[PDB]
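Chemist: Next comes structure_16.cif, mmCIF, C-alpha atoms and all ligand atoms:
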```cif
data_upload
loop_
_atom_site.label_atom_id
_atom_site.label_comp_id
_atom_site.auth_asym_id
_atom_site.auth_seq_id
_atom_site.Cartn_x
_atom_site.Cartn_y
_atom_site.Cartn_z
CA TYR A 3 109.37 80.89 92.27
CA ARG A 4 112.52 79.98 90.23
CA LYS A 5 116.02 81.29 90.98
CA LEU A 6 119.52 80.51 89.74
CA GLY A 7 122.19 78.88 91.89
CA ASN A 8 124.94 81.42 90.76
CA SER A 9 124.88 79.81 87.32
CA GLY A 10 122.55 79.38 84.38
CA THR A 11 120.65 76.45 85.87
CA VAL A 12 117.41 77.51 87.50
CA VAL A 13 115.99 75.79 90.51
CA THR A 14 112.78 75.98 92.48
CA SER A 15 112.57 78.07 95.64
CA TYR A 16 112.19 74.96 97.83
CA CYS A 17 114.59 72.00 97.83
CA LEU A 18 113.82 68.44 98.93
CA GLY A 19 116.17 67.18 101.59
CA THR A 20 116.76 63.45 101.67
CA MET A 21 118.64 63.02 104.97
CA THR A 22 115.64 61.12 106.34
CA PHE A 23 115.32 58.67 103.44
CA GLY A 24 117.30 55.90 105.13
CA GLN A 25 117.21 56.62 108.85
CA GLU A 26 113.50 57.19 109.47
CA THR A 27 111.61 57.15 106.18
CA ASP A 28 111.48 53.93 104.16
CA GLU A 29 112.08 53.73 100.41
CA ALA A 30 108.40 53.57 99.44
CA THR A 31 107.44 56.61 101.57
CA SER A 32 110.57 58.24 100.15
CA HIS A 33 109.41 57.64 96.58
CA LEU A 34 106.02 59.15 97.40
CA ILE A 35 107.43 62.18 99.21
CA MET A 36 109.47 62.76 96.08
CA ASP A 37 106.41 62.18 93.90
CA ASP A 38 104.61 64.81 95.96
CA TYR A 39 107.52 67.25 95.71
CA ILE A 40 107.51 66.98 91.91
CA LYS A 41 103.73 67.25 91.79
CA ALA A 42 104.04 70.48 93.79
CA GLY A 43 106.38 71.65 91.02
CA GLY A 44 109.82 71.33 92.54
CA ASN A 45 112.94 70.38 90.62
CA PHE A 46 115.64 70.26 93.34
CA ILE A 47 116.86 67.21 95.34
CA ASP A 48 119.68 67.49 97.88
CA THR A 49 121.31 64.34 99.22
CA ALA A 50 124.67 63.20 100.63
CA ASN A 51 126.76 60.07 100.43
CA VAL A 52 126.87 59.89 104.25
CA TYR A 53 123.09 60.19 104.51
CA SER A 54 122.30 56.66 105.77
CA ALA A 55 125.57 55.33 104.31
CA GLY A 56 124.57 56.19 100.73
CA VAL A 57 121.18 54.46 100.96
CA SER A 58 119.72 57.98 100.73
CA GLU A 59 121.37 58.35 97.33
CA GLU A 60 120.29 54.90 96.13
CA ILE A 61 116.62 55.60 96.86
CA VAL A 62 116.92 58.85 94.90
CA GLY A 63 118.74 56.87 92.22
CA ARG A 64 116.05 54.21 92.00
CA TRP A 65 113.35 56.91 91.91
CA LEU A 66 115.19 58.53 89.00
CA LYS A 67 115.07 55.12 87.31
CA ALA A 68 111.30 54.86 87.86
CA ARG A 69 110.61 58.41 86.68
CA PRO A 70 111.49 59.15 83.04
CA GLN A 75 114.09 67.07 84.54
CA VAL A 76 115.28 67.26 88.12
CA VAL A 77 118.36 69.09 89.44
CA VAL A 78 120.32 66.70 91.69
CA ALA A 79 122.90 67.63 94.34
CA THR A 80 125.10 65.42 96.52
CA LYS A 81 128.12 65.77 98.80
CA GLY A 82 131.46 64.23 99.82
CA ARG A 83 134.02 64.90 102.59
CA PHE A 84 132.52 62.85 105.39
CA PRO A 85 133.50 59.31 106.53
CA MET A 86 132.05 56.58 104.33
CA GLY A 87 134.19 54.11 106.26
CA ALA A 88 136.35 54.26 109.36
CA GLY A 89 139.66 54.34 107.50
CA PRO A 90 141.94 57.38 107.31
CA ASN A 91 141.26 58.03 103.59
CA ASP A 92 137.56 57.23 103.71
CA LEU A 93 137.09 60.89 104.64
CA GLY A 94 138.60 64.13 103.40
CA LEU A 95 138.83 66.50 100.45
CA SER A 96 141.83 64.61 99.11
CA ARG A 97 141.55 63.74 95.46
CA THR A 98 142.17 60.07 96.30
CA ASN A 99 139.07 59.80 98.53
CA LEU A 100 136.98 62.27 96.50
CA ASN A 101 137.79 60.30 93.33
CA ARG A 102 136.14 57.16 94.63
CA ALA A 103 133.66 59.27 96.61
CA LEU A 104 132.35 60.81 93.37
CA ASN A 105 132.43 57.53 91.49
CA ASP A 106 130.33 55.90 94.24
CA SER A 107 127.81 58.76 94.38
CA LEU A 108 127.59 58.43 90.59
CA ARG A 109 126.95 54.65 90.56
CA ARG A 110 124.54 54.94 93.50
CA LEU A 111 122.54 57.72 91.78
CA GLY A 112 122.75 56.00 88.38
CA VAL A 113 123.36 59.33 86.65
CA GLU A 114 126.19 60.22 84.30
CA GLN A 115 126.48 63.80 85.54
CA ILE A 116 125.81 65.19 89.00
CA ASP A 117 124.44 68.68 88.64
CA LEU A 118 125.77 70.06 91.93
CA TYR A 119 128.62 68.43 93.82
CA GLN A 120 129.23 69.91 97.27
CA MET A 121 132.07 69.73 99.76
CA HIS A 122 130.25 68.76 102.94
CA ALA A 123 132.85 70.50 105.11
CA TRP A 124 136.12 72.35 105.00
CA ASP A 125 139.17 70.09 105.21
CA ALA A 126 142.28 71.67 106.72
CA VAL A 127 144.39 68.61 105.85
CA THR A 128 143.82 68.87 102.10
CA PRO A 129 145.26 72.01 100.49
CA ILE A 130 142.37 73.80 98.78
CA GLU A 131 144.32 73.71 95.47
CA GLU A 132 144.23 69.93 95.35
CA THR A 133 140.47 69.92 95.98
CA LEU A 134 139.61 72.63 93.41
CA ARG A 135 141.87 70.97 90.81
CA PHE A 136 140.02 67.71 91.41
CA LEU A 137 136.66 69.46 90.92
CA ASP A 138 137.79 71.16 87.73
CA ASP A 139 138.99 67.80 86.33
CA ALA A 140 135.56 66.41 87.24
CA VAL A 141 133.88 69.28 85.34
CA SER A 142 136.05 68.58 82.30
CA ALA A 143 135.27 64.85 82.52
CA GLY A 144 131.48 65.43 82.55
CA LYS A 145 131.13 63.67 85.93
CA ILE A 146 129.74 66.87 87.54
CA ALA A 147 128.34 70.16 86.36
CA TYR A 148 128.94 72.58 89.19
CA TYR A 149 130.49 72.48 92.62
CA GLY A 150 129.77 74.25 95.89
CA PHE A 151 130.43 74.09 99.63
CA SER A 152 128.65 73.28 102.86
CA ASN A 153 130.17 74.18 106.23
CA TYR A 154 132.92 76.46 104.95
CA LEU A 155 133.84 79.59 106.86
CA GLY A 156 133.80 83.02 105.25
CA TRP A 157 137.50 83.42 104.66
CA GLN A 158 137.52 79.84 103.32
CA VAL A 159 134.90 80.59 100.70
CA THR A 160 136.87 83.71 99.76
CA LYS A 161 140.16 81.81 99.41
CA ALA A 162 138.53 79.15 97.25
CA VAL A 163 136.80 81.60 94.91
CA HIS A 164 139.95 83.56 94.21
CA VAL A 165 142.13 80.45 93.97
CA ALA A 166 139.67 79.12 91.37
CA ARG A 167 139.79 82.50 89.56
CA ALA A 168 143.61 82.36 89.58
CA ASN A 169 143.74 78.97 87.81
CA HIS A 170 140.96 79.54 85.27
CA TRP A 171 138.72 77.00 86.99
CA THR A 172 134.93 77.23 87.29
CA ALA A 173 133.51 79.15 90.11
CA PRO A 174 131.65 77.73 93.09
CA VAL A 175 127.94 78.24 92.74
CA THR A 176 126.39 77.73 96.18
CA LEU A 177 126.96 77.45 99.88
CA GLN A 178 124.78 75.07 101.96
CA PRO A 179 124.81 76.46 105.51
CA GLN A 180 122.60 75.93 108.52
CA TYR A 181 120.36 79.00 108.55
CA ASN A 182 117.05 79.78 110.22
CA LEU A 183 115.61 82.43 112.54
CA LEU A 184 117.58 80.79 115.39
CA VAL A 185 120.88 80.10 113.58
CA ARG A 186 121.96 83.41 111.98
CA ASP A 187 125.73 83.64 112.68
CA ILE A 188 126.58 83.09 109.01
CA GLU A 189 125.65 86.73 108.54
CA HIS A 190 128.96 88.02 109.99
CA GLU A 191 131.47 86.61 107.50
CA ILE A 192 129.94 83.79 105.46
CA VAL A 193 127.07 85.68 103.79
CA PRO A 194 129.22 88.75 102.97
CA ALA A 195 131.74 86.37 101.45
CA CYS A 196 129.14 84.67 99.21
CA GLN A 197 127.53 87.89 98.15
CA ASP A 198 130.92 89.21 97.14
CA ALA A 199 131.31 86.15 94.89
CA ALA A 200 127.69 86.32 93.58
CA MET A 201 127.11 82.90 95.20
CA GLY A 202 123.76 81.57 96.37
CA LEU A 203 122.86 80.16 99.77
CA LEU A 204 121.16 76.76 100.14
CA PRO A 205 119.97 76.90 103.77
CA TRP A 206 119.13 73.69 105.59
CA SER A 207 117.50 73.19 109.00
CA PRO A 208 115.01 76.06 108.42
CA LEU A 209 112.67 74.97 111.18
CA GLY A 210 115.75 74.92 113.48
CA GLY A 211 115.25 71.17 113.82
CA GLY A 212 111.70 71.65 115.16
CA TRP A 213 112.12 74.51 117.64
CA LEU A 214 110.35 76.86 115.19
CA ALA A 215 107.56 74.54 114.06
CA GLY A 216 105.98 74.28 117.49
CA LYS A 217 104.46 70.75 117.71
CA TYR A 218 105.62 70.68 121.37
CA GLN A 219 103.80 71.82 124.49
CA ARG A 220 105.75 74.82 125.76
CA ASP A 221 108.66 72.41 126.23
CA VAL A 222 111.75 72.67 128.46
CA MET A 223 114.53 74.79 126.98
CA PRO A 224 117.46 72.23 127.39
CA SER A 225 115.58 69.39 125.65
CA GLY A 226 118.13 67.68 123.36
CA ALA A 227 115.59 66.13 120.95
CA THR A 228 114.76 69.36 119.07
CA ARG A 229 117.84 70.95 117.44
CA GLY A 231 122.17 69.36 118.36
CA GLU A 232 122.02 67.10 121.44
CA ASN A 233 122.32 70.18 123.72
CA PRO A 234 119.10 72.19 122.92
CA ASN A 235 120.43 75.74 123.44
CA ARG A 236 123.46 77.32 121.84
CA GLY A 237 121.22 79.19 119.50
CA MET A 238 118.93 76.12 119.14
CA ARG A 249 116.20 84.87 123.32
CA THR A 250 115.06 81.67 121.68
CA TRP A 251 111.62 81.72 123.29
CA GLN A 252 110.92 85.28 122.09
CA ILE A 253 111.75 84.31 118.51
CA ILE A 254 109.58 81.18 118.56
CA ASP A 255 106.80 83.27 120.09
CA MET A 256 106.93 86.08 117.51
CA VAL A 257 106.93 83.47 114.74
CA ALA A 258 103.85 81.90 116.30
CA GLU A 259 101.90 85.17 116.62
CA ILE A 260 102.56 86.13 112.99
CA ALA A 261 101.66 82.52 112.18
CA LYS A 262 98.10 82.39 113.43
CA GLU A 263 97.11 85.97 112.58
CA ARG A 264 97.93 85.07 108.98
CA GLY A 265 95.99 81.82 109.47
CA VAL A 266 99.12 79.73 108.82
CA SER A 267 101.48 77.36 110.63
CA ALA A 268 104.41 78.59 112.69
CA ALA A 269 106.62 76.36 110.53
CA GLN A 270 105.21 78.12 107.47
CA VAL A 271 106.24 81.64 108.36
CA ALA A 272 109.69 80.44 109.51
CA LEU A 273 110.11 78.74 106.14
CA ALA A 274 108.84 81.84 104.34
CA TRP A 275 111.35 83.82 106.40
CA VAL A 276 114.38 81.86 105.18
CA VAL A 277 113.23 81.89 101.52
CA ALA A 278 113.08 85.71 101.51
CA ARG A 279 116.43 86.50 103.17
CA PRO A 280 119.30 88.04 101.15
CA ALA A 281 121.33 85.71 98.88
CA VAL A 282 119.08 82.66 99.30
CA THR A 283 118.44 80.50 96.27
CA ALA A 284 116.61 77.51 97.80
CA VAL A 285 115.72 76.14 101.25
CA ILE A 286 116.18 72.45 101.98
CA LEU A 287 113.02 70.77 103.31
CA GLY A 288 113.41 67.93 105.78
CA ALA A 289 110.05 66.29 105.24
CA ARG A 290 109.86 62.86 106.88
CA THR A 291 106.17 62.27 105.88
CA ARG A 292 103.91 63.08 102.94
CA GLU A 293 101.85 65.22 105.31
CA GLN A 294 104.95 67.01 106.64
CA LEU A 295 105.91 67.79 103.04
CA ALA A 296 102.42 69.24 102.56
CA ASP A 297 102.80 71.18 105.80
CA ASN A 298 106.16 72.57 104.71
CA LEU A 299 105.04 73.35 101.13
CA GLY A 300 102.17 75.40 102.50
CA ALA A 301 104.80 78.12 103.05
CA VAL A 302 104.98 78.70 99.25
CA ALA A 303 101.64 80.53 99.47
CA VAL A 304 102.90 82.65 102.39
CA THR A 305 104.81 85.82 101.48
CA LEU A 306 105.72 87.80 104.56
CA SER A 307 105.21 91.56 104.36
CA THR A 308 108.22 93.87 104.67
CA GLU A 309 107.19 94.44 108.27
CA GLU A 310 106.69 90.95 109.57
CA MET A 311 110.17 90.33 108.22
CA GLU A 312 111.89 93.34 109.70
CA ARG A 313 110.13 92.36 112.88
CA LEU A 314 111.45 88.85 112.71
CA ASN A 315 114.85 90.17 111.70
CA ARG A 316 115.50 92.40 114.75
CA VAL A 317 114.11 89.90 117.27
CA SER A 318 116.53 87.28 115.93
CA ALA A 319 119.35 89.80 115.46
CA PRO A 320 122.52 87.97 116.64
CA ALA A 321 124.04 90.24 119.28
CA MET A 322 127.81 89.90 119.51
CA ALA A 323 130.77 91.09 121.54
CA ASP A 324 131.16 94.65 120.42
CA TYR A 325 134.40 94.41 118.51
CA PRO A 326 134.46 92.45 115.24
CA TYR A 327 130.80 91.66 114.59
CA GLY A 328 128.65 93.79 116.94
CA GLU A 329 127.26 97.34 116.80
CA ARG A 330 130.46 99.23 117.33
CA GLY A 331 132.78 97.38 114.97
CA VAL A 332 130.07 97.31 112.33
CA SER A 333 129.54 101.04 112.86
CA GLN A 334 133.16 101.97 112.44
CA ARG A 335 133.56 99.76 109.31
CA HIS A 336 130.60 101.62 107.81
CA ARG A 337 131.36 104.62 105.58
CA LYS A 338 128.78 107.38 105.74
CA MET A 339 128.34 108.89 102.28
CA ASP A 340 127.98 112.36 103.90
CL CL B 401 122.10 75.55 91.70
NA NA B 402 117.70 84.30 90.45
NA NA B 403 110.52 84.92 98.72
#
```
Give the structure from this file in structure tokens form.
Ligand SMILES: [Cl-]
Ligand code: NA
Ligand code: NA
Modeler:
Amino acid sequence: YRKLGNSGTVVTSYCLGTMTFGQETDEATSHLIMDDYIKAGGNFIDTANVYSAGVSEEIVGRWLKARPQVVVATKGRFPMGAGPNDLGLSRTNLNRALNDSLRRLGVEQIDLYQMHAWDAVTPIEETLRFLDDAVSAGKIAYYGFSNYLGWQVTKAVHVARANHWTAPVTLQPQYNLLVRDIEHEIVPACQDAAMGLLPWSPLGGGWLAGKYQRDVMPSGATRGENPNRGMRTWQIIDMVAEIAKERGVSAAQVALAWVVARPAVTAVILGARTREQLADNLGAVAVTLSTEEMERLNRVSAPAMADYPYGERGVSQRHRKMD
């Protein structure tokens, strides 16, 4: 399935993460995971400059040289060195940060440029003005955010609208059956601005895929190096598993098919480290959960909150009954 990312550019329902392409996966296995992804019919690569110190981008860049169209996304904001202006949404750092993602990807235009995180030190106006100048220059097509809060998305959107700049297209949050707190302020804020979600960590870092042996709950390997903030967790993993094998499919596969069908979601980022793991994740394309499986999964992962701003009672009093 093809969707837009709040713009005219369409993109396939699954996105290829490339975090692994320097740390764990080597460049040859990276090229073949990408070759598989394409051959499965994807057109969406997500990378970052800080992924393996930009090696991640260079492998993607070399693979684009070998292959002769794909929608490419990358990010800024995080430390590329240990200096004080080697991080930040300042236009000084972002200016070289975009030039270096450009030379490392060997493209002349990045399709999606993303702020990897909010930056309280840079005024948002400076950042958005830098991104609009980049759009005018043909260095980037669109921009979006990752790890912005709700009110922060809302302030950016309207500040862009106030200065006749382009609108943000996407938000890249962490979102899976275990990590659903973006539904209180961040999702409402994107839906209000017609924006699309790009969820990453859809297997919750492994907790949802099984592959363990009824593990210990504070095991730091699968997640965070703490193993339970939201990674009850065991009930969710269990429900996912039951639905998994009655449908004759992997537990990973119905968790993936759960994220792809949630409101506002344009494309899920896949963290395949292997060719086989890519095949195991892309099996979820065939799975389409029924309205019931999903409303099941929804309520068992429903993030309960202290009553006032984001739990039952505050929600209920913000609601307006039509009657
Ligand atoms: Cl997009
Ligand atoms: Na769409
Ligand atoms: Na779907």
Chemist: Using only C-alpha atoms and all ligand atoms, determine which residues fall within 9 Å of ligand NA 403 (chain B), then list them as a PyMOL selection string.
Modeler: chain A and resi 3+15+274-279+282+302+304-306
Chemist: Between chain A and ligand NA 402 (chain B), at 12 Å or less, what are the per-residue closest atom pairs and their distances in Å? Count only C-alpha atoms and all ligand atoms, order by chain and rising residue number, and return it as CSV.
Modeler:
```
residue,atom,partner,partner_atom,distance
A:3,CA,B:NA402,NA,9.2
A:4,CA,B:NA402,NA,6.7
A:5,CA,B:NA402,NA,3.5
A:6,CA,B:NA402,NA,4.3
A:7,CA,B:NA402,NA,7.2
A:8,CA,B:NA402,NA,7.8
A:9,CA,B:NA402,NA,9.0
A:10,CA,B:NA402,NA,9.2
A:11,CA,B:NA402,NA,9.6
A:12,CA,B:NA402,NA,7.4
A:13,CA,B:NA402,NA,8.7
A:14,CA,B:NA402,NA,9.9
A:15,CA,B:NA402,NA,9.6
A:200,CA,B:NA402,NA,10.7
A:201,CA,B:NA402,NA,10.6
A:202,CA,B:NA402,NA,8.9
A:203,CA,B:NA402,NA,11.4
A:280,CA,B:NA402,NA,11.4
A:281,CA,B:NA402,NA,9.3
A:282,CA,B:NA402,NA,9.1
A:283,CA,B:NA402,NA,7.0
A:284,CA,B:NA402,NA,10.1
```
Chemist: Mind checking which residues fall within 9 Å of segment 54-56 of chain A, counting only C-alpha atoms, ignoring those fewer than 4 positions away in the same chain, and posting them as a ChimeraX atom specification?
Modeler: /A:21-25,49-50,60-61,86-87,106-107,110
Chemist: Work out how far atom CA of residue 78 of chain A is from atom CA of residue 57 of chain A, in Å to one decimal.
Modeler: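 Computing the Euclidean distance for atom CA of residue 57 of chain A and atom CA of residue 78 of chain A yields 15.4 Å.
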Chemist: Which residue out of A:58, A:153, A:260, A:208 has the minimum interatomic distance to residue 309 of chain A when only C-alpha atoms are used?
Modeler: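 Counting only C-alpha atoms, the residue closest to residue 309 of chain A is A:260.
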Chemist: Kindly indicate which residue among A:177, A:92, A:32, A:139 lies nearest to ligand CL 401 (chain B), using only C-alpha atoms and all ligand atoms for the distances.
Modeler: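 Checking each candidate against ligand CL 401 (chain B), we get A:177 as the closest.
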Chemist: How many Å lie between atom CA of residue 16 of chain A and atom CA of residue 254 of chain A, rounded to one decimal?
Modeler: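 Computed distance, atom CA of residue 16 of chain A to atom CA of residue 254 of chain A, equals 21.8 Å.
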Chemist: Tell me which of A:197, A:235, A:120, A:207 sits closest to ligand CL 401 (chain B), counting only C-alpha atoms and all ligand atoms.
Modeler: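 Selected residue with least distance to ligand CL 401 (chain B): A:120.
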Chemist: With only C-alpha atoms and all ligand atoms as the atoms that count, which of A:176, A:307, A:96, A:75 lies nearest to ligand CL 401 (chain B)?
Modeler: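 For ligand CL 401 (chain B), the nearest of the candidates is A:176.
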Chemist: Please tell me which residues are no farther than 7 Å from (131.0, 78.5, 89.6) in the file, counting all atoms listed in the file, and write them as a PyMOL selection string.
Modeler: chain A and resi 8-9+148-149+172-175
Chemist: Quick one: segment 253-264 of chain A with N, CA and C atoms, as a PDB file, in the first residue's frame?
Modeler:
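Wrote part02.pdb, looks like this:
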```pdb
ATOM      1  N   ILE A 253       0.325  -7.634  26.966  1.00  0.00           N
ATOM      2  CA  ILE A 253       0.339  -7.176  25.582  1.00  0.00           C
ATOM      3  C   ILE A 253       1.107  -8.156  24.706  1.00  0.00           C
ATOM      4  N   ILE A 254       2.327  -8.512  25.114  1.00  0.00           N
ATOM      5  CA  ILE A 254       3.123  -9.462  24.338  1.00  0.00           C
ATOM      6  C   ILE A 254       2.353 -10.748  24.141  1.00  0.00           C
ATOM      7  N   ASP A 255       1.626 -11.171  25.180  1.00  0.00           N
ATOM      8  CA  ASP A 255       0.882 -12.421  25.122  1.00  0.00           C
ATOM      9  C   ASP A 255      -0.266 -12.340  24.130  1.00  0.00           C
ATOM     10  N   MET A 256      -1.096 -11.294  24.232  1.00  0.00           N
ATOM     11  CA  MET A 256      -2.186 -11.128  23.271  1.00  0.00           C
ATOM     12  C   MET A 256      -1.667 -11.111  21.845  1.00  0.00           C
ATOM     13  N   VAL A 257      -0.586 -10.371  21.605  1.00  0.00           N
ATOM     14  CA  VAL A 257       0.014 -10.322  20.278  1.00  0.00           C
ATOM     15  C   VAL A 257       0.379 -11.722  19.809  1.00  0.00           C
ATOM     16  N   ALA A 258       0.916 -12.534  20.719  1.00  0.00           N
ATOM     17  CA  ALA A 258       1.338 -13.881  20.368  1.00  0.00           C
ATOM     18  C   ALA A 258       0.142 -14.766  20.009  1.00  0.00           C
ATOM     19  N   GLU A 259      -0.934 -14.704  20.798  1.00  0.00           N
ATOM     20  CA  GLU A 259      -2.107 -15.537  20.532  1.00  0.00           C
ATOM     21  C   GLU A 259      -2.695 -15.245  19.154  1.00  0.00           C
ATOM     22  N   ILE A 260      -2.998 -13.966  18.898  1.00  0.00           N
ATOM     23  CA  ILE A 260      -3.422 -13.506  17.584  1.00  0.00           C
ATOM     24  C   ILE A 260      -2.419 -13.943  16.528  1.00  0.00           C
ATOM     25  N   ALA A 261      -1.130 -13.977  16.882  1.00  0.00           N
ATOM     26  CA  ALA A 261      -0.105 -14.341  15.912  1.00  0.00           C
ATOM     27  C   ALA A 261      -0.311 -15.759  15.412  1.00  0.00           C
ATOM     28  N   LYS A 262      -0.337 -16.742  16.314  1.00  0.00           N
ATOM     29  CA  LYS A 262      -0.303 -18.101  15.790  1.00  0.00           C
ATOM     30  C   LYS A 262      -1.680 -18.603  15.368  1.00  0.00           C
ATOM     31  N   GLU A 263      -2.788 -18.032  15.860  1.00  0.00           N
ATOM     32  CA  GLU A 263      -4.071 -18.415  15.264  1.00  0.00           C
ATOM     33  C   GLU A 263      -4.147 -17.971  13.801  1.00  0.00           C
ATOM     34  N   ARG A 264      -3.627 -16.796  13.482  1.00  0.00           N
ATOM     35  CA  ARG A 264      -3.534 -16.410  12.081  1.00  0.00           C
ATOM     36  C   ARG A 264      -2.391 -17.096  11.342  1.00  0.00           C
TER      37      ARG A 264
END
```
